[PDB]
Amino acid sequence: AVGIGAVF
Amino acid sequence: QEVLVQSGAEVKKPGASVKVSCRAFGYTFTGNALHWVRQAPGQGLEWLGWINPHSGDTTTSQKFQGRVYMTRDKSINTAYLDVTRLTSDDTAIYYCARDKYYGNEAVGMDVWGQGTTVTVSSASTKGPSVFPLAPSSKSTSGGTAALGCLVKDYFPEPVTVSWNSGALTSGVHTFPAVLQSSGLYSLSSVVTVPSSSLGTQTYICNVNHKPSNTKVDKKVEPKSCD
Amino acid sequence: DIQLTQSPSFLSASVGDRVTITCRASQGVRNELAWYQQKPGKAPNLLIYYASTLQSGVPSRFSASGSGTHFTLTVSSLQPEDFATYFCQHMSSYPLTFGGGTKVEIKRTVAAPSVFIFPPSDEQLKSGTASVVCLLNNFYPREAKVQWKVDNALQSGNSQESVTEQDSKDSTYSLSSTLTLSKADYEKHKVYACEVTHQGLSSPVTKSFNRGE
């Protein structure tokens, strides 16, 4: 799926 | 629990900008992507974009790029949506919504803000004109008369309508407002009552419009013929 | 953009029925598909994600299946709180898009509307406009044809309807149709009529009045 990067 | 709380309703002229805020409580704000979605009256759901609150990275739908901007402020757990160069086509309820974001990908929107209504129009604030919808012997149906008030030409939404200061509730229908071709709103509120007692009962509609700071009453009486 | 087409768009059902709602995608979206419920005045609530995983807090009478381009949401043993609009959504590429919705409303017996017509008030005419209101009260099903006839001529383009949400007590609808004319156009004609066609009416009902009487 689309993603918008890591969040930790 | 986990909640998102948005800022209050906005009213703007075409060409203006609006900034809507959304604050997260009960979970780590920067742990989940946050979407912005809008819904115009009577219509479906349209995705504007989303933001990673940790990094600040965003994706904006093609049709809003260069016009809608998403930011955040970690110190107050708040995301912002700035919509610029507004037109009446931007009138809608705007939602922020958290993604479950398992695996750092979109999965589904599990916590939603309560929404923020944004109205864009060239109209100016105006309280309603209130006209009686008078019952007539000629309109009797069985043992029933219908009566009401027409609440015409106000801007922006909403109005509130009661009858007899809230003492009359049974049989009342206050219709959803319609946006007229003039750009002002209108609605009617109606009630069914006994025909037999129209000569002695009292019916007053109470119409309040907070944006214009107006409170109006209209008595509604049976039509007589001379 | 991916188009999500839901069918049916509108459905009537009873408590205890099983409802099957389909979402067809214009290109494949794998399992990257969610379903939502929305009630009037409220944000949507998530029901399903990963095409078939149930969201925590959702009853087990909700289930879903599919992949690729064909998905199905099934609500078994329908309960009163399940009458709502349902939407699918994909997240397989940008932009995210939603289906057009499927509204599930509750069946009840046919009820003909009571019909009332209201001439414009003298107060409003004094201001340059005339609004004529036709009210259809407490009817089922929702489908109703309301036509304005002015000196026997059918009107078009000068009226607006508003409908209530289905009543939580009696499962009926009420509807207003408002004909709005300038004073000049109102004064052109004499006989104002609203004609109502509805399943509960053996023949159409007309309510009318004569301007200035």
Check your understanding: So how many residues does the range C:160-213 have that are more than 29 Å from C:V104 (Cα to Cα) and touching a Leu at 6+ places or on another chain (Cβ under 7 Å)?
Key -> 1
Review point. How many residues does the range B:192-206 contain that are within 23 Å of the chain's Cα centre (by Cα) and within 14 Å of another protein chain (Cβ to nearest Cβ)?
Key: 1
Practice item. For the range C:69-76, indicate whether the set of residues that are within 29 Å of B:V3 (Cα to Cα), in contact (Cβ under 8 Å) with a residue 24 or more places away in the chain, surrounded by 17 or more Cβ atoms within 10 Å (Cβ to Cβ) and within 27 Å of the chain's Cα centre (by Cα) is non-empty. Key: yes
Review point. Counting only residues that are more than 10 Å from chain B (Cβ to nearest Cβ) and within 26 Å of B:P128 (Cβ to Cβ), how many does the range C:133-149 have?
Key: 4
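For (1) buried (at least 20 other Cβ atoms within 10 Å of the Cβ); (2) out of contact with any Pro (no Cβ under 9 Å at 6 or more places or on another chain); (3) over 26 Å from C:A144 (Cα atoms), each residue gets a yes or a no:
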residue	(1), (2), (3)
C:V58	no, yes, yes
C:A64	yes, yes, yes
C:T109	no, yes, no
C:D122	no, yes, yes
**Study point:** Flag if C:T197 is of a type outside the set (D, E, K, R), under 23 Å from B:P176 (Cβ atoms) and either buried (at least 18 other Cβ atoms within 10 Å of the Cβ) or within 12 Å of chain B (Cβ to nearest Cβ) (or both)
**Key:** no
Check your understanding: With (1) within 21 Å of C:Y50 (Cα to Cα); (2) of a type outside the set (A, V, I, L, M); (3) in contact (Cβ under 8 Å) with a residue 12 or more places away in the chain as the list, and B:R72 as the residue in question, which single condition is left unmet?
Key -> (1)
Practice item. Considering only the range C:173-184, state which residues are surrounded by fewer than 18 Cβ atoms within 10 Å (Cβ to Cβ) and touching a residue at least 40 places away in the same chain (Cβ under 8 Å). Key: C:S182, C:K183
Study note, to complete from the structure: Going through the range B:58-81 in order, the residues found to be part of a strand (DSSP E or B) and surrounded by 14 or more Cβ atoms within 10 Å (Cβ to Cβ) are B:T58, B:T59, B:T60, B:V68, B:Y69, B:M70, B:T71, B:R72, B:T78, B:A79, B:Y80, B:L81
Check your understanding: Going by the structure shown, is C:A34 aliphatic (A, V, I, L, M), at the interface with chain B (Cβ under 10 Å from one of its Cβ atoms), outside any strand (DSSP E or B) and within 25 Å of the chain's Cα centre (by Cα)?
Key -> no
Point to revise | Looking only at the range B:117-132, and only at residues there that are within 14 Å of chain C (Cβ to nearest Cβ) and of a type in the set (V, I, T), the one that is surrounded by the fewest Cβ atoms within 10 Å (Cβ to Cβ) | key: B:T117
Review point. Taking into account only those residues within the range C:44-77 that are in a strand (DSSP E or B) and at the interface with chain B (Cβ under 10 Å from one of its Cβ atoms), which is farthest from B:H35 (Cα to Cα)?
Key: C:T53
Review point. Where in the range C:78-182 are there strands (runs of 3 or more DSSP E), lying fully within it, with 1 or more residues that are closer than 30 Å to C:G66 by Cα?
Key: C:85-90, C:102-106
Check your understanding: What number of residues within the range C:99-114 satisfy the criterion of being β-branched (V, I, T) and closer than 22 Å to B:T192 by Cα?
Key -> 2
Revision key, fill the gap. Counted residues in the range C:90-128 being within 8 Å of chain B (Cβ to nearest Cβ) and more than 25 Å from the chain's Cα centre (by Cα) come to 9
**Study point:** Search result, residues across the range B:82-113 that are more than 7 Å from every other protein chain (Cβ to nearest Cβ), in a strand (DSSP E or B) and of a type in the set (S, T, Y)
**Key:** B:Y94
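Values in this text are rule-based calculations from the coordinates and carry no lab data. Cβ coordinates were reconstructed from backbone atoms using ideal geometry, including for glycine residues, and neighbour counts include every protein chain displayed.
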